[PDB]
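**Student:** Pasting a structure here, questions to come.
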Amino acid sequence: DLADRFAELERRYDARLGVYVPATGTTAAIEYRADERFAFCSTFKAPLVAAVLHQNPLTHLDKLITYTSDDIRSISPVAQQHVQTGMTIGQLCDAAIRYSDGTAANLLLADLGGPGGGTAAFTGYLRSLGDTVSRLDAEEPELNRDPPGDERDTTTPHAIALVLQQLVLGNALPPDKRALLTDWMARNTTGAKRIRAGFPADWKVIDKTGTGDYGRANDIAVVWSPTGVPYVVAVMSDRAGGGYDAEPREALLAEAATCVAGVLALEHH
Ligand SMILES: *C(=O)/C=C/N[C@@H](C(=O)O)C(C)(C)S(=O)O
């Protein structure tokens with residue numbers, strides 16, 4: 001069975017794997033360690049952008065945020081490029097999702113909750129969606145670095161998939177805001193070797209990845225069948241076995257996603 005297959009992925013990559021695919025009308029939930037905690041890493045950036053979208057008119061996307069080289073304390077490919085001229089809130093959302101820019105995320109946290117109030121306000125957004133489990137406690141890059149077992153800055157596959165479901169396939173956001181979030185995730189540049197690699201080309205995939213220390217590699221996606229049937233897929237992993245500098249394994253994620261896609265695509269008439 002599928003649990004046994006997921007277990008064999010864990011043995012082969014010397015990793016811990018978490019999977020959740022919510023139940024639908026026609027399919028049972030897929031759950032593997034689904035209530036175990038894993039570090040968010042950059043996956044929180046998706047609901048962060050929704051938080052900012054939700055709380056503000058679309059005109060707030062035009063607001064120019066200025067920052068300095070001193071505020072760049074994490075890998076920030078887009079923020080580095082715009083450091084002299086600043087970035088709009090809209091540009092920051094784009095950067096945060098599509099490049100996993102760490103400075104962009106920190107600046108959106110300040111915008112949501114003020115300095116020192118951002119991680120609490122982000123977690124409160126999750127609470128506002130009925131997620132009592134997830135918590136963010138630090139900003140970038142510290143949130144990627146807590147040890148195995150620390151509950152800070154964690155979610156569960158179950159919790160983050162149900163949030164993403166609300167955001168993309170529910171009514172947590174009005175249509176016009178919902179469309180921006182979905183466009184950004186659709187245009188993501190960092191996920192080609194993860195959930196995307198597991199689904200056939202005629203399935204549509206949107207995603208947000210995360211990567212961190214202790215071999216952490218995550219991806220959260222929404223996928224659409226060739227006839228437009230939607231599913232939410234969360235895959236989380238770590239490799240605590242090799243300590244802080246353990247190599248993350250994207251191919252573990254691609255494999256877990258391929259197992260999911262088999263169950264989702266394979267009909268039985
Ligand atoms: C989102 O998950 C961002 C993660 N960043 C880390 C990474 O592995 O990409 C580091 C190493 C850059 S962390 O920012 O110091």
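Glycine also receives a Cβ, built like all others from the backbone with ideal geometry; neighbour counts cover every protein chain displayed. Read the figures in this text as sums done on the coordinates, not as results from a lab.
**Student:** For region 68-120, give me each residue that is polar (S, T, N, Q) and either touching a residue at least 60 places away in the same chain (Cβ under 8 Å) or under 22 Å from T211 (Cβ atoms) (or both). Outline the logic, then answer.
**Tutor:** Taking region 68-120 as the starting set, the residues that turn out to be polar (S, T, N, Q) are 68-69, 74, 76, 80-81, 84-85, 88, 91, 100, 103, 106, 119.
Residues satisfying the conditions are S74, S76, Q80, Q81, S100, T103, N106, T119.
**Student:** Return a yes/no flag: does region 54-64 have any residue that is in contact with a strand residue (DSSP E or B) (Cβ under 8 Å, 6 or more places away or on another chain), under 20 Å from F122 (Cα atoms) and aliphatic (A, V, I, L, M). Even if it seems obvious, please write down each step before you answer.
**Tutor:** Narrowing region 54-64 to residues in contact with a strand residue (DSSP E or B) (Cβ under 8 Å, 6 or more places away or on another chain): 61-64.
If we keep only those that are under 20 Å from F122 (Cα atoms) as well, we get 61, 63.
Imposing the further condition that a residue be aliphatic (A, V, I, L, M) reduces the set to 61.
Among the residues of region 54-64, at least one is in contact with a strand residue (DSSP E or B) (Cβ under 8 Å, 6 or more places away or on another chain), under 20 Å from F122 (Cα atoms) and aliphatic (A, V, I, L, M), which makes the answer yes.
**Student:** Shifting gears a bit: Sort out which residues of region 120-136 are more than 15 Å from the ligand (Cβ to nearest atom) and of a type outside the set (G, A, S), and write them in order of number.
**Tutor:** Listed by number, the residues that qualify are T123, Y125, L126, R127, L129, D131, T132, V133, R135.
**Student:** Contact list please: Cβ distance under 6 Å, first residue in region 236-258 and closer than 27 Å to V205 by Cβ and part of a helix (DSSP H, G or I), second residue within 12 Å of the ligand (Cβ to nearest atom) and small (G, A, S), pairs at least six apart or on different chains.
**Tutor:** The qualifying pairs are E250/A217; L253/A217.
**Student:** Quick check on region 175-192: of everything there that is β-branched (V, I, T) and in contact with a strand residue (DSSP E or B) (Cβ under 8 Å, 6 or more places away or on another chain), which residue is nearest to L164 (Cα to Cα)?
**Tutor:** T182
**Student:** Based on what the data block shows, is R37 touching a residue at least 40 places away in the same chain (Cβ under 8 Å), more than 24 Å from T182 (Cα to Cα) and among the charged types (D, E, K, R)?
**Tutor:** yes
**Student:** If you check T103, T88, which single one turns out to be within 16 Å of the ligand (Cβ to nearest atom), farther than 29 Å from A29 by Cβ, more than 14 Å from the chain's Cα centre (by Cα) and hydroxyl-bearing (S, T, Y)? Before the answer, list the steps.
**Tutor:** Numbers: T88 fails: within 16 Å of the ligand (Cβ to nearest atom).
It is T103.
**Student:** Restricting attention to region 9-32, which residues are in a strand (DSSP E or B), of a type outside the set (A, V, I, L, M, F, W, C) and touching a helix residue (DSSP H, G or I) at 6+ places or on another chain (Cβ under 8 Å)?
**Tutor:** From region 9-32, those in a strand (DSSP E or B) are 16-21, 24, 27, 30-32; that's our starting set.
Checking the rest, the ones that are also of a type outside the set (A, V, I, L, M, F, W, C) come to 16, 18, 20, 24, 27, 31-32.
Residues satisfying the conditions are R16, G18, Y20, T27, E31, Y32.
**Student:** In addition: So, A95, is that one surrounded by 18 or more Cβ atoms within 10 Å (Cβ to Cβ), among the small types (G, A, S) and away from the ligand (no atom under 16 Å from the Cβ) or not?
**Tutor:** Spelling it out, it is not the case that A95 is surrounded by 18 or more Cβ atoms within 10 Å (Cβ to Cβ), among the small types (G, A, S) and away from the ligand (no atom under 16 Å from the Cβ).
**Student:** Collect the residues in region 22-71 that are within 16 Å of the ligand (Cβ to nearest atom) and at positive phi, keeping them in residue-number order.
**Tutor:** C41
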